[PDB]
Structure formats: C-alpha cells, structure tokens
Amino acid sequence: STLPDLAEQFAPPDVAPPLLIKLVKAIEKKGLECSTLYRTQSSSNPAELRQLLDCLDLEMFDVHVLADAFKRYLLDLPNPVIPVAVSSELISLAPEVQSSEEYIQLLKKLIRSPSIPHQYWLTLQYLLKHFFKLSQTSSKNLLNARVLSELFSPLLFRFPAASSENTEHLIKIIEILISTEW
Amino acid sequence: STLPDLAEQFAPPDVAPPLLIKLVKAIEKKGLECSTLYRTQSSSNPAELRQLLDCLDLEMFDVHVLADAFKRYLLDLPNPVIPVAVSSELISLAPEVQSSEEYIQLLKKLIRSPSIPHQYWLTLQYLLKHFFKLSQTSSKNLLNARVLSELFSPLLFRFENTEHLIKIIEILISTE
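Those protein sequences? They're chains A and B, same order as listed.
Under the entry's author numbering, the letters of the first sequence match residues 113 to 167, 172 to 298, in that order.
Under the entry's author numbering, the letters of the second sequence match residues 113 to 167, 172 to 275, 281 to 297, in that order.
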C-alpha cells in the first residue's frame with residue numbers, strides 16, 4: 113500500500129502518472145487485440161504485482181501480468197481515481213434526476229472541484245482514452261464500452277454498494293464516457 | 113484568480129512550485145538588504161500583480181512589486197500553504213496546550229498527513245528556508261523571525282486565538 117497519491121505522482125503539464133503511462137503503452141503494444149485482456153487472472157499474486165510497480173522496460177513482462185498490475189495499480193492508489201467525495205454524491209441522487217447527461221454533468225463538476233486536485237480528473241480522462249482505444253478493436257478483443265465499464269467501474273469508484281438504479285447509473289456514465297472520447 | 117492548487121503546480125521530485133522559486137530567487141537577489149522588504153505597499157493593484165503571476173525575467177521588475185506579488189501568490193492559492201484542517205486543529209487546542217515544541221511537532225504531523233498532498237509541506241519548507249535566509253541579514257532588512265512570522269503567518273494559515286500559531290512560525294524560521 114506504498115503507492116503515492118495520484119496528486120503526488122505527477123502534476124500538469126503532464127497528463128497522467130508516468131507509471132500509468134508505461135503500463136498503458138505496454139498493454140496497448142502487446143495486448144490490444146487480446147480477446148481475454150483484463151478478463152483472465154495471471155499467476156502473479158498482489159505482492160509480486162506490487163513488486164513490479166517499483167523497479172526495467174514493462175514490455176518485457178507477460179501481457180497478462182501487465183494487465184493484472186494495471187488493476188493492482190488502481191486498487192493500491194490511496195484514494196481511488198474517482199474520489200469517495202464524488203461517488204458519495206452521485207449515489208445520493210434521486211430517481212427524478214435520472215438523465216445520464218445530468219449524472220455526467222455532476223461527475224465533471226464534482227471531480228473538477230478545486231477541493232480535488234486536477235490529477236484525479238486528468239487520470240480518469242487518460243484511462244477513458246485507453247478504454248476507448250480498446251473498444252475500437254472490439255471485433256478482435258471482444259471489449260465494448262459497457263463491459264469495460266462493468267470491469268473497471270469497481271476499480272475506479274472503489275465503492276461497496278448494493279446494485280441500485282444509482283449504481284447502474286454510475287456504470288452507465290462510465291460506459292458513456294468511454295464511448296464518447298472522440 | 114486562476115492560480116492552481118499547490119498540488120497542481122508541481123509534484124515530487126521537484127521541491128517547490130516553479131513560480132514560487134522564480135519569485136524567491138528574484139526577491140533574494142534584489143532585496144536581501146532592503147530595510148522595507150515585504151512591509152511596503154507598492155503601487156500595483158491585485159489585478160496587475162495577478163497579471164505578473166499569470167506570466172519574463174522577474175529581475176526586470178521593481179523589488180517592491182515582486183514582494184507584493186509574493187504576497188498575492190500566497191493569498192490567491194485556492195488552499196492556503198497550511199491547510200485549514202491543520203490550522204483549525206492547532207487553534208482548537210489553544211487553551212489546553214501551550215508547549216510550543218508540542219505545537220511544532222503537531223503542525224508537522226498534521227501537515228504530513230497522507231490525506232494532504234506532500235506539496236503543502238514541501239512548499240512550507242521552501243518558504244521557511246527563504247524566511248530564514250532573510251533573517252540572516254536582519255541587521256540590514258530588519259526582518260527577524262518574529263517580524264517575518266507576524267507578516268506571513270496570516271498568509272500561511274489564512275486567518281488572540283492565533284498567537285500560538287505566530288510563535289510556531291517564529292520558531293520554525295529560527296531553527297532552519
């Protein structure tokens with residue numbers, strides 16, 4: 113649990129944590145068309161994956181190890197990419213305020229709060245771009261935006277919560293944000 | 113004001129915001145012996161000072181304008197160098213605590229909290245180093261740790282109930 117806060121790992125004008133960029137670039141180089149990328153576990157345990165998140173070129177590793185280390189990274193951030201402040205608010209929204217557009221508007225307003233370092237929103241945007249690029253070779257890797265949201269929303273929000281029509285709505289906006297990256 | 117959070121202006125391994133470093137270096141080059149540094153209002157208004165903080173060599177500017185822009189910078193940070201949570205805790209202990217060394221140990225403990233980006237403490241240390249350097253020519257600029265603490269504690273904490286905070290800064294300047 114020695115991964116520094118996102119706000120300490122980089123600062124503007126950099127667009128993302130340098131370790132995260134290395135992971136994403138290696139994964140895209142070696143696994144863009146992999147039909148089980150992020151949907152199978154590798155043999156490495158969390159301690160070994162954490163050991164990798166310190167030291172070599174990440175392209176030297178097995179792609180399934182890199183993919184697991186990507187998840188491990190999202191899980192080990194001291195605060196999640198989408199801070200609990202933001203998700204606590206989004207979950208509290210009523211059924212009458214049910215437009216995905218409104219949920220997205222609120223997520224951007226809350227995460228861009230000056231009470232939240234810009235690094236959180238920057239990292240989320242970088243991850244969305246990766247997820248969008250993956251979904252554009254769906255014909256080969258079988259990943260659409262919705263499945264990528266179902267796989268990664270629990271790692272982005274890190275929020276235990278019964279399956280509400282609120283939680284469906286958070287998966288839905290991530291789904292929309294992946295698809296609408298350009 | 114569009115000044116970004118301390119945590120957005122730099123990240124480890126850099127030791128301080130690059131704009132703050134530029135200000136400090138220019139002020140120390142041109143004003144180390146100035147008997148009125150940081151105690152005189154210059155002719156510029158906050159908008160003009162912000163224009164200078166929003167961007172070329174800062175040495176071209178009048179030193180009193182640099183000193184004003186340094187204060188403007190500290191005032192315009194979206195969150196103060198010493199976060200409000202930290203200062204609120206130190207203030208609420210005020211009648212029950214009074215060991216100064218305890219206040220200092222606590223200030224450091226609170227500002228190094230994992231919930232607070234390391235940039236806040238890094239920036240505070242950079243500021244303390246500058247304040248200490250000034251105090252080493254106090255015979256000429258008249259800025260000793262106590263005067264520096266009275267001038268800048270209100271900008272660092274962003275605030281009677283406060284005298285123990287001023288003393289913390291005074292001691293932290295002296296022991297650099």
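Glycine residues also receive a C-beta, built at the ideal position from the N, C-alpha and C atoms.
For this session: To the nearest angstrom, report how far apart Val-127/B and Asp-166/A are at their CA atoms.
Result: 21 angstroms
Problem set entry | Minimum C-alpha distance to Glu-145/A - residue among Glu-218/A, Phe-247/A, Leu-238/A and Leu-161/A | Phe-247/A
For this session: Anything in the region 121 to 145 of chain A with a Cβ closer than 9 angstroms to a Cβ of chain B? List those residues in chain order, please.
Result: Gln-121, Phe-122, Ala-123, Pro-124 and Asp-126
Problem set entry | Reduced DSSP secondary structure (H/G/I, E/B, other) of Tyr-189/B | helix
Exercise. Are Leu-258/A and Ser-147/A close, meaning C-beta to C-beta below 8 angstroms?
Worked result: yes
For this session: Less than 8 angstroms between the CB atoms is what I'm expecting for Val-179/A and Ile-139/A, so what's the real figure, rounded?
Result: 7 angstroms
Exercise. Thinking C-alpha only, which one of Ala-201/B, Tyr-150/B, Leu-191/B and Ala-183/B is nearest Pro-116/B?
Worked result: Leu-191/B
Problem set entry | Classification of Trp-298/A by the beta-carbon crowding that lies within 10 angstroms, buried from 16 upward | exposed
Exercise. How many Å lie between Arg-162/B and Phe-186/B at the Cα?
Worked result: 10 angstroms
Problem set entry | Check whether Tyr-189/B and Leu-250/B have beta carbons under 8 angstroms apart | no
Exercise. By how many angstroms is the C-alpha of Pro-158/A removed from the C-alpha of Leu-226/A?
Worked result: 32 angstroms
For this session: With 9 angstroms as the C-beta to C-beta threshold (strictly closer), list the residues of the region 183 to 207 of chain B near chain A in chain order.
Result: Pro-194 and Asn-195
Problem set entry | Alpha carbon of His-234/A to alpha carbon of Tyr-219/A, nearest angstrom | 19 angstroms
For this session: Tell me whether the beta-carbon of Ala-123/A lies closer than 8 angstroms to the beta-carbon of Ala-183/B.
Result: no
Exercise. What's the gap between the Cα of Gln-241/A and the Cα of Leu-272/A?
Worked result: 12 angstroms
Exercise. Within 10 angstroms of its Cβ, does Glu-291/A collect 16 or more other Cβ (buried), or is it exposed?
Worked result: buried
Problem set entry | DSSP state of residue 171/A mapped onto helix, strand, coil | A gap in chain A, from 167 straight to 172, means residue 171/A has no coordinates in the model shown.
Problem set entry | Residues that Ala-119/B contacts on chain A, provided the C-beta gap is smaller than 8 angstroms | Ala-119, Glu-120, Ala-123, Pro-233 and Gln-235
For this session: Between the Cα of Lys-141/B and those of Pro-130/B, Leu-243/B, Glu-212/B and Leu-174/B, spot the shortest distance and give me the residue it belongs to.
Result: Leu-174/B
Problem set entry | Where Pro-230/A meets chain B, residues with beta-carbon distance less than 8 angstroms | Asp-117, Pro-194 and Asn-195
Exercise. Can you tell me where the alpha helix (DSSP H) with residue 170/A in it begins and where it stops?
Worked result: Because chain A is numbered 167 and then 172 with no intervening positions, residue 170/A cannot be located in this model.
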